[PDB]
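Just one chain follows, in the form deposited in one PDB entry, and it is written as structure tokens.
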């Protein structure tokens, strides 16, 4: 009946609503794998057509994350500057965590455009180092067998973090962070899943992967810019110069 147990239900709701695909849909489609003809078709496409495809899927992913943040109790109550600071540093980190749901650790494939395919699908992009890192991060995260409420609460904490440089009302972020930590700890105790806390990825790993990802995305956006209808215009202008 506590203010925290509600916070749990509310975070789980925002997440359920901003969830692009349902987990059992992703799990059942684990059989639906791209054929060598389909893989070759992706590999033979231009760098620029594979880029427009991936950039549009990644922008859509960020927009679901912005909506997940918007629906978190207290997020709107922060000043616009703090909202930008938190989403600029964390939105893509959330997108990267969420990918573990579309990842199949057995055949090392990811759900991309209706079917499951390996990293070979992305050859055309010519950044096999970054793509291998993304797949390796999803592969490590998959061993935790994250549940839907775990991903929800963990991703809310990835976003609500008072240790992001440039925050104005720092104590207002701390107040939201500490409530979400309590919700996360409380929830893990209730379900006997406190063991995942020791297995969680180090804060630096995520931060590092994401900065590399976003810089590679920024280079591609400079060379071949895609156009997106901004869900959060002040955030969009902070990433798209």
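Positions refer to the first chain, counted from 1.
From this point on, the text means the form deposited with a small molecule bound, which you will not see here.
- The shortest heavy atom separation between residue 167 and the small molecule in the bound PDB entry exceeds 4.5 Å.
- Residue 92 belongs to the set of residues with a heavy atom inside 4.5 Å of the small molecule in the bound PDB entry.
- Among residues of the shown chain, residue 182 is not one whose heavy atoms approach the small molecule to within 4.5 Å in the bound PDB entry.
- Heavy atoms of residue 130 reach within 4.5 Å of the small molecule in the bound PDB entry, making it an interface residue.
- Interface residue among 30, 57, 172, 193, judged by heavy atoms within 4.5 Å of the small molecule in the bound PDB entry: 57.
- Residue 125 is the only one of 105, 125, 72, 157 with a heavy atom lying within 4.5 Å of the small molecule in the bound PDB entry.
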